[PDB]
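*Asks:* Take this structure, written in structure tokens, and hold onto it; I'll ask about it next.
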Amino acid sequence: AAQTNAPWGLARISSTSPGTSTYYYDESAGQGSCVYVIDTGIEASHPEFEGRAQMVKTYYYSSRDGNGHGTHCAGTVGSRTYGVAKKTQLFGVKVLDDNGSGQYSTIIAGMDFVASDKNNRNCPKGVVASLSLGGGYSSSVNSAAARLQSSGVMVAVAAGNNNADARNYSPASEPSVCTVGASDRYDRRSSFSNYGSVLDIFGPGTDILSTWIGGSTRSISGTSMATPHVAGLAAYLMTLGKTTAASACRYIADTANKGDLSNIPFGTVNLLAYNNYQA
Ligand code: NA
Ligand code: NA
């Protein structure tokens with residue numbers, strides 16, 4: 001299958017070189033897999049989700065996405081036009097309020113909820129969790145991301161947006177999950193992207209077109225936009241039977257585009273997420 005005039009990020013994860021416009025992907029498209037988006041929620045009713053998204057849990061007064069962030073990240077995972085895995089099942093967990101903020105105890109509660117809730121859903125190809133959030137080091141936030149991963153969910157987290165070593169941010173600094181840096185359309189590290197030894201992989205994160213609230217779309221930048229490229233790719237490869245939740249991050253790093261990125265400081269991986277599609 002091919003999507004012509006795809007957003008640059010989709011095109012980039014199906015190509016060995018930058019500057020193409022076509023997203024080459026197997027027509028299976030993540031059917032049978034589930035991705036939990038733990039964020040500000042999802043506008044489930046966006047025509048771009050085709051009825052494949054629903055809210056399962058909120059920690060606030062409403063389940064509605066009043067922000068747009070969560071809907072953007074959900075769109076890059078599995079919307080029709082803007083998504084990596086175009087036939088995946090999207091579940092929204094709202095741990096962030098409509099200003100994009102949330103206490104660590106609510107974020108911990110949300111990860112433990114997904115570890116339980118996956119057991120009463122139909123996801124034969126497997127479960128991904130996408131966390132486009134973080135702040136300063138907490139051993140509790142890390143420990144909870146480790147519990148979600150250990151329970152059999154592929155966990156993708158944002159490296160963070162401070163142009164700093166990700167080692168001082170959670171859940172970014174938790175070794176056992178998949179920590180995602182951001183690249184731009186010329187194969188440069190996004191100027192805001194965290195780096196360091198703890199990073200596993202880079203995705204597209206600068207000028208990413210995806211879904212937004214009120215049935216709209218817009219372009220935003222961040223490791224928040226890169227993370228769902230990787231969660232999507234993991235759901236996609238799990239549907240193909242090429243890897244499992246336990247080892248998807250390591251399989252994505254093995255099969256990645258090597259050495260193509262610039263402004264990668266010594267000690268950080270030069271690995272860019274790639275689906276390895278052959279028609
Ligand atoms: Na290359
Ligand atoms: Na890791």
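FYI, nothing fancy with the structure tokens labels: chains A, B, ... in order, residues from 1 per chain, ligands from 1 as they appear.
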How close does each residue of chain A get to ligand 1, giving the shortest atom pair and distance in Å to one decimal for every residue with an atom at most 12 Å away, counting only C-alpha atoms and all ligand atoms, sorted by chain and residue number, as a tab-separated table?

*Replies:*
```
residue	atom	partner	partner_atom_place_in_ligand_line	distance
A:12	CA	ligand 1	1 (Na)	10.4
A:13	CA	ligand 1	1 (Na)	11.3
A:14	CA	ligand 1	1 (Na)	11.4
A:15	CA	ligand 1	1 (Na)	8.1
A:16	CA	ligand 1	1 (Na)	4.5
A:17	CA	ligand 1	1 (Na)	4.6
A:18	CA	ligand 1	1 (Na)	7.7
A:19	CA	ligand 1	1 (Na)	11.2
A:186	CA	ligand 1	1 (Na)	11.6
A:187	CA	ligand 1	1 (Na)	9.5
A:256	CA	ligand 1	1 (Na)	9.9
A:257	CA	ligand 1	1 (Na)	6.1
A:258	CA	ligand 1	1 (Na)	7.1
A:259	CA	ligand 1	1 (Na)	7.4
A:260	CA	ligand 1	1 (Na)	5.1
A:261	CA	ligand 1	1 (Na)	8.8
A:262	CA	ligand 1	1 (Na)	11.8
A:270	CA	ligand 1	1 (Na)	11.1
A:271	CA	ligand 1	1 (Na)	10.4
A:272	CA	ligand 1	1 (Na)	9.4
A:273	CA	ligand 1	1 (Na)	11.6
A:274	CA	ligand 1	1 (Na)	10.5
```

*Asks:* Please produce a file of those selected residues containing C-alpha atoms, as an mmCIF file, in the first residue's frame.

*Replies:*
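File produced: selection17.cif:
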```cif
data_model
loop_
_atom_site.group_PDB
_atom_site.id
_atom_site.type_symbol
_atom_site.label_atom_id
_atom_site.label_comp_id
_atom_site.auth_asym_id
_atom_site.auth_seq_id
_atom_site.Cartn_x
_atom_site.Cartn_y
_atom_site.Cartn_z
ATOM 1 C CA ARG A 12 10.469 9.214 6.463
ATOM 2 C CA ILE A 13 9.771 5.960 8.462
ATOM 3 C CA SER A 14 9.253 4.026 5.131
ATOM 4 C CA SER A 15 12.467 5.336 3.374
ATOM 5 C CA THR A 16 16.319 4.930 3.778
ATOM 6 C CA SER A 17 16.848 8.632 2.665
ATOM 7 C CA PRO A 18 15.073 11.905 3.651
ATOM 8 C CA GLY A 19 12.976 14.067 1.223
ATOM 9 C CA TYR A 186 16.611 17.212 6.974
ATOM 10 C CA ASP A 187 17.727 14.326 9.335
ATOM 11 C CA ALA A 256 16.639 1.181 12.127
ATOM 12 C CA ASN A 257 18.324 3.592 9.682
ATOM 13 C CA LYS A 258 21.901 3.811 11.137
ATOM 14 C CA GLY A 259 24.149 6.928 11.032
ATOM 15 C CA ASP A 260 21.714 9.145 8.927
ATOM 16 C CA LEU A 261 21.180 11.829 11.694
ATOM 17 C CA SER A 262 23.349 14.942 12.416
ATOM 18 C CA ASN A 270 22.206 7.494 15.638
ATOM 19 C CA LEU A 271 19.111 5.293 14.958
ATOM 20 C CA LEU A 272 15.968 6.524 13.075
ATOM 21 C CA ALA A 273 12.694 4.485 13.152
ATOM 22 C CA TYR A 274 12.093 2.528 9.841
#
```

*Asks:* Dump as a tab-separated table the rows for residues of chain A within 9 Å of ligand 2: closest atom pair and distance in Å with one decimal, only C-alpha atoms and all ligand atoms counted, ordered by chain and rising residue number.

*Replies:*
```
residue	atom	partner	partner_atom_place_in_ligand_line	distance
A:172	CA	ligand 2	1 (Na)	8.6
A:173	CA	ligand 2	1 (Na)	8.1
A:174	CA	ligand 2	1 (Na)	6.7
A:175	CA	ligand 2	1 (Na)	4.0
A:176	CA	ligand 2	1 (Na)	4.7
A:177	CA	ligand 2	1 (Na)	4.7
A:178	CA	ligand 2	1 (Na)	4.7
A:179	CA	ligand 2	1 (Na)	5.8
A:198	CA	ligand 2	1 (Na)	6.0
A:199	CA	ligand 2	1 (Na)	6.4
A:200	CA	ligand 2	1 (Na)	5.3
A:201	CA	ligand 2	1 (Na)	8.8
A:249	CA	ligand 2	1 (Na)	7.5
A:250	CA	ligand 2	1 (Na)	8.4
```

*Asks:* Mind writing the picked residues with C-alpha atoms as a PDB file, in the first residue's frame?

*Replies:*
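For reference, out.pdb as written:
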```
ATOM      1  CA  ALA A 172      12.335   9.020  29.932  1.00  0.00           C
ATOM      2  CA  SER A 173      15.218   7.817  32.229  1.00  0.00           C
ATOM      3  CA  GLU A 174      13.631   4.315  32.839  1.00  0.00           C
ATOM      4  CA  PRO A 175      16.015   1.967  30.918  1.00  0.00           C
ATOM      5  CA  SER A 176      13.402  -0.865  30.350  1.00  0.00           C
ATOM      6  CA  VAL A 177      10.965   1.207  28.139  1.00  0.00           C
ATOM      7  CA  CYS A 178      11.510   2.721  24.638  1.00  0.00           C
ATOM      8  CA  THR A 179      12.729   6.369  25.002  1.00  0.00           C
ATOM      9  CA  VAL A 198      19.188   6.245  27.845  1.00  0.00           C
ATOM     10  CA  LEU A 199      17.697   7.034  24.340  1.00  0.00           C
ATOM     11  CA  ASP A 200      16.733   3.916  22.290  1.00  0.00           C
ATOM     12  CA  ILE A 201      15.536   5.463  18.970  1.00  0.00           C
ATOM     13  CA  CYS A 249      12.020  -1.515  21.034  1.00  0.00           C
ATOM     14  CA  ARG A 250      15.185  -3.650  20.452  1.00  0.00           C
TER      15      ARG A 250
END
```

*Asks:* Name the closest residue to residue A:49 among the candidates A:69, A:80, A:218, A:64; distances are taken between atoms, counting only C-alpha atoms.

*Replies:*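 Closest residue, counting only C-alpha atoms: A:80.
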
*Asks:* Would you list the contacts of stretch 234-241 of chain A as JSON, numbers by chain, taking every protein, DNA or RNA residue within 10 Å and counting only C-alpha atoms, but skipping same-chain residues closer than 4 positions in sequence?

*Replies:* {"A": [25, 26, 27, 28, 29, 30, 31, 32, 33, 34, 35, 77, 78, 84, 85, 86, 87, 88, 89, 123, 124, 125, 126, 127, 128, 129, 154, 155, 156, 228, 229, 230, 245, 247, 248, 249, 251, 252, 273, 275, 276]}

*Asks:* Counting only C-alpha atoms, what is within 6 Å of stretch 111-121 of chain A, bar same-chain residues fewer than 2 positions away, as JSON, numbers by chain?

*Replies:* {"A": [108, 109, 148]}

*Asks:* Using only C-alpha atoms, find the one residue out of A:63, A:40, A:81, A:216 that sits nearest to residue A:95.

*Replies:*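 Ranked by minimum distance to residue A:95, first place goes to A:40.
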
*Asks:* Please give the complete set of residues from stretch 108-198 of chain A that DSSP, run on the backbone, assigns to alpha helix (DSSP H), formatted as number ranges by chain.

*Replies:* A: 108-117, 139-150
